[PDB]
2 protein chains.
Amino acid sequence: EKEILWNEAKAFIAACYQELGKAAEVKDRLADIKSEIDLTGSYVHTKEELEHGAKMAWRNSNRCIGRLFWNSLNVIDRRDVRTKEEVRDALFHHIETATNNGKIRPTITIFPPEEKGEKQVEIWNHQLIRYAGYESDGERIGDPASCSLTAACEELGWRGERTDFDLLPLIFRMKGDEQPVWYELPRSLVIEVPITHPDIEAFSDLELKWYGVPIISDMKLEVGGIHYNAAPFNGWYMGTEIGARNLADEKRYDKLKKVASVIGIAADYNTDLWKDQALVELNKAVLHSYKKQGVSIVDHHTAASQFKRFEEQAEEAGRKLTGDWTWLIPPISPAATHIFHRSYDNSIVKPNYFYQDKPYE
Amino acid sequence: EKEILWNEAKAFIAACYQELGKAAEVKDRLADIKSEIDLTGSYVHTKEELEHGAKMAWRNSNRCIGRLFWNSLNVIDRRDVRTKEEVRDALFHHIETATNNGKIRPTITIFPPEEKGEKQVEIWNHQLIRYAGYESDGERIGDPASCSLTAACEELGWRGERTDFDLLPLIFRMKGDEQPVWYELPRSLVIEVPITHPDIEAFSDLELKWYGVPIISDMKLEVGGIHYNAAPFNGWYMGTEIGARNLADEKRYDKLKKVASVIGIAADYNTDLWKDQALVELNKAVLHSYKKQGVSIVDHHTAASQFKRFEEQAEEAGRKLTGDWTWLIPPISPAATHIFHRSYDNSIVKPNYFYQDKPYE
Ligand code: HEM
Ligand code: HEM
Ligand SMILES: CNCc1cccc(OCc2ccc3ccc(N)nc3c2)c1
Ligand SMILES: CNCc1cccc(OCc2ccc3ccc(N)nc3c2)c1
Ligand SMILES: C[C@H](O)[C@H](O)[C@H]1CNc2nc(N)[nH]c(=O)c2N1
Ligand SMILES: C[C@H](O)[C@H](O)[C@H]1CNc2nc(N)[nH]c(=O)c2N1
Ligand SMILES: [Cl-]
Ligand SMILES: [Cl-]
């Protein structure tokens, strides 16, 4: 266990300090760490290490098209929190600062890491801002992806209004508590964007909306053998995540048939490509709506052009590029991007963000 | 060498005869084959084996979405050919019978297999029907994918008219000849489809067309250790191959900017998703045009629904399914198909079709 930790620490510190121009400081820092492990079973990252590790982890995320901006990640160090009111307030603050009145700042808030594999803080939310979903007899309301978390919140005394867009409460558990606690999101903190279309007036009849900032809160950040299981982060949306998946997937909001109706085309024949046409108009609407409201968003073409620059930058820096082609291609017109036409090495490099088991389900 | 052949033969004959309900005939057939190899260095497939192997090979082609119809493949046995006039006439016949006045019959014509690794017939064409491509000083004409074969044909005394749609001649080489021969395609054999749009009259201004039948002629069919390096086959097109790739790719005909102009939208801003919209209209046009002319074609949604039935049929038959997710997803709206949302085992099972080195380049 100390072995695993010490090895990961050596590899991380060497790489981190080398990138920071601090290679001469490695030996002594490794000494102090070597001693810290032996005596304590673990080690504490300096603020520099933690900030740079979170950035490296984003840089190494094979499935992320948005990596060009890895080095400008805003890292908030909240390893000092000890109470659920502090965790709540840190989560609220992250929402406010990341949102930044619509000019989204990619941000991560880092909570105390696991100790003996024992979590200090365990966040139940998949994103800090997400819509509830309900499925009783016949009745399908809200986001189906949220059905199991929604049902767990309602087990704890929360009750949703059962609109298609109920905001789930924040829900997390403190070490030593048997049950999580939940806190309703202050609506003043949550920017939402009504979906309208630039040319088609009737599009507002769909009464679609989405929230401004995706803040993924259920992954584990690993840096130098330290497991930060609670470390929510956000970028800005790529439009297709909303228009081609959240609002379009049959198992999510399933809106293509309704889009086809409001844009005035038939939804009767596959050869009419009505789904494709509906997708393009819905995705135009999403980009238009976010831009009109002054909320950051990127389209999949601009995003892919940025990712090409990330590839070029990787090569120029002497770093291997890794990537997961199946996740990097956009779900709309993928062959119109350069990503589609090359292959990527899907190797896992640490620091990195990882999946971890849900505590509901 | 005999070892490799004999092993592949045992595996193929057992599987083939089992599927044909002829399991009791295996032992004796294996005996005759065992003897045939020892005495001759090779073995000759019965007509049943060859027909069933070509069908199995299609069934095992991981990258093919059209596999539902594997068992109805029309197999033409041309292992009897010895002269270049016979090969020419067999290739002409394949075009005529596969085209079938627009009601395309999936067909394969099988030529004599390699003997000592020595080819009896070597087809240079990538497809029997394809357009030439030219690239001299600044000037880009026709299909860039055809530039190297076009240049090789012109080395042999062929001359293209240098339209954007010159039909390449058939070109192949006989064992014992140093150079291939080439034969102009009779225009009466080649169905072409002018691309028009159902709603947008101006679309014909683009003067786009494509040929009716893709007849892939440069892959190797392997069956029971026998290498049929010359075995051209065809299905019908899936519309996206023409509309999303052949006519759309920057390195192919690169028509999206011109499509955007004729459909009356600006091609200035990525956030307008003009490429996506152009793709959808071009792909609607392709499907419409083939249907209007009575030439077989499938759209990517219908095709994916058929592939779902192929998956179900595989399971019901007790056969492992294999597939290459990266090639099975359509290049237009892939997340609208079930294919996108599952994974596939990309293992290689024989019989199968394989890439082989070009003899030009
Ligand atoms: C700056 C804006 C950003 C954009 C536009 C962007 C875009 C994307 C997209 C579209 C995906 C695919 C999501 C899916 O299909 O479910 C993704 C995956 C990912 N992104 Fe980014 N991203 C951004 C910033 C970030 C940041 C700041 C981090 C972390 C510090 C991050 C880490 C990841 C990770 C870990 C995944 C993979 C998640 C998984 O395996 O399920 N991204 N990104
Ligand atoms: C019946 C109509 C058929 C349709 C609609 C169809 C559809 C497709 C498509 C769209 C591809 C991908 C091509 C690309 O992206 O370049 C493909 C690949 C393939 N198909 Fe089919 N196909 C059909 C029939 C056949 C037949 C009859 C065979 C052989 C007997 C075949 C064997 C293959 C093979 C080997 C590939 C992979 C080629 C490679 O690796 O480059 N298909 N098919
Ligand atoms: C439950 N859906 C799968 C799943 C599980 C865990 C994390 C995750 O993250 C997707 C993800 C992660 C980071 C992102 C950053 C920016 C962005 N626009 N999308 C992003 C999307 C997705
Ligand atoms: C040169 N492009 C790559 C390359 C090399 C060799 C074969 C090949 O075949 C693609 C292919 C093969 C069979 C097909 C059958 C039907 C169809 N509609 N498309 C089909 C497309 C593609
Ligand atoms: C090598 C690279 O992944 C390449 O662009 C592949 C991707 N998927 C594909 N899928 C299909 N159907 N056809 C192709 O030509 C390709 N090209
Ligand atoms: C497992 C299966 O391949 C799955 O549908 C993947 C495919 N590629 C993807 N790509 C992105 N960007 N997001 C996803 O959720 C998925 N899902
Ligand atoms: Cl999302
Ligand atoms: Cl083609």
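In each ligand, atom 1 is the first atom listed, and ligand 1 is the first ligand listed. Lettering follows sequence order; numbering is per chain, from 1.
- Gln356(A) CD: more than 12 foreign heavy atoms inside a 6.0 Å radius.
- Here the side chains of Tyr131(A) and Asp164(A) are not in contact, with every heavy-atom distance at 4.5 Å or above.
- Polar contact with ligand 1: present for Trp58(A) (N/O pair, distance under 3.5 Å).
- Between atom 43 (N) of ligand 1 and the options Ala57(A), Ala54(A), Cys64(A), the minimum heavy-atom separation is to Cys64(A).
- Heavy atoms from other residues, nucleotides or ligands lying under 6.0 Å from NZ of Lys291(B) number 12 at most.
- Polar contact check, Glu241(B) against ligand 4: a nitrogen or oxygen pair lies under 3.5 Å apart.
- Contacts of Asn234(B) with ligand 4, taken as heavy-atom pairs under 4.0 Å, are absent altogether.
- Residue-environment remark: CZ (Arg309(B)) stays at or below the threshold of 12 foreign heavy atoms within 6.0 Å.
- Where the criterion is an N or O separation shorter than 3.5 Å, residue side chain and backbone included, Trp236(B) meets it with respect to ligand 4.
- The protein atom (non-hydrogen) at minimum distance from atom 13 (C) of ligand 1 is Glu241(A) OE1, 3.8 Å.
- In terms of protein heavy-atom proximity, atom 39 (C) of ligand 1 is closest to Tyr355(A) OH, 3.2 Å.
- For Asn234(A), the heavy-atom gap to ligand 1 drops under 4.0 angstrom.
- Donor-acceptor pairing under 3.5 Å is recorded for the side chains of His300(A) and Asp276(B).
- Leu167(A) places none of its side-chain heavy atoms less than 4.5 Å from the side chain of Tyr211(A).
- Of the protein's non-hydrogen atoms, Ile216(B) CG1, 3.6 Å is the one closest to atom 12 (C) of ligand 4.
- Using cut-offs of 30° and 60° for the angle between ring planes, the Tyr253(A) and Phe165(A) rings count as parallel.
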